[PDB]
Every structure is written in C-alpha cells, then in structure tokens.
C-alpha cells in the first residue's frame, strides 16, 4: 500500500541506537508484552490494541523516560517520531488503522445538519427510521 517494509525498519533503526542504554538497566527478566497482546492483535480489538499500545508508548512510557534518563532524551524522542510517523502512514492505508480514522460521510452529513439550524433537528429525527435501516444493514455484514 504505502511503504510497509521500510517504515518498519526506519523504526527498529531508531531503536538500535537505544537498545543498549535501556537493556543495560533491565534487571528482572519476565516478558511484559505477554503474547496475550499478540492475541488481542490477532483479534478484533486488534486495531484498539495497537492504537492503545502506541498511545501507551508515546504518552506514558517514553514521556516518563526521555526525562527520567536525560542522556536518553534526544534519542527516545527520535524513535518516538518514527512512531508518530508510522501511525500516520498507517491510519491512511485504511486497511490497517480504521479505528483511528473518521468517516467523511458522517461529516458531510454532520455538516448539512449544522447548516440547517432549527430545521436540521426535524429532518434528522424524521429520517432516523432510515438510520435504523442502515444500522441493520451493517449488522448483516457479519
């Protein structure tokens, strides 16, 4: 689709420049990222899991780190950009991060409604019967 292989690598590279500084410290040796996560990944919450993980690594993990070990600041940040950058090229090729994209149809419509003032409320409520005919359409897709 976009740049599958490469972007992965660009990422591990940002890590090779840090793998050490951090693996040095790690003392207890039990797996945090239990293969159970690989299960949520091979699942329907898969998109959520991955998005929750990236959300995890850029807001909790790295943040608390870049600062924790200042000498690491500059490089953790670098990796944490190849991540930001992977997210995008990803939630673009819709086939992968759909749970992070948003419908245009829902906006176009959400637009029409806003530009119909007091009247928009009426037509919205009048077609709800169709909304229900759609929602059902979505359910037959299983």
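Positions refer to the first chain, counted from 1.
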Query - Stretch exceeding the other in mean C-alpha B-factor - 47-55, 111-119 - result: 111-119
Query raised in the report: Out of 61-69 and 101-109, which one has CA B-factors that are higher on average in the deposited record?
Result: 61-69
Query raised in the report: Which has the highest CA B-factor per the PDB entry: 135, 1, 141, 8?
Result: 1
Requested in this report: Among 94, 42, 84, 34, single out the one with the highest C-alpha B factor in the record, please.
Outcome: 94
Query raised in the report: So where's residue 76 on the chain's Cα temperature factor ranking, which third?
Result: highest
Query raised in the report: So where's residue 38 on the chain's Cα temperature factor ranking, which third?
Result: lowest
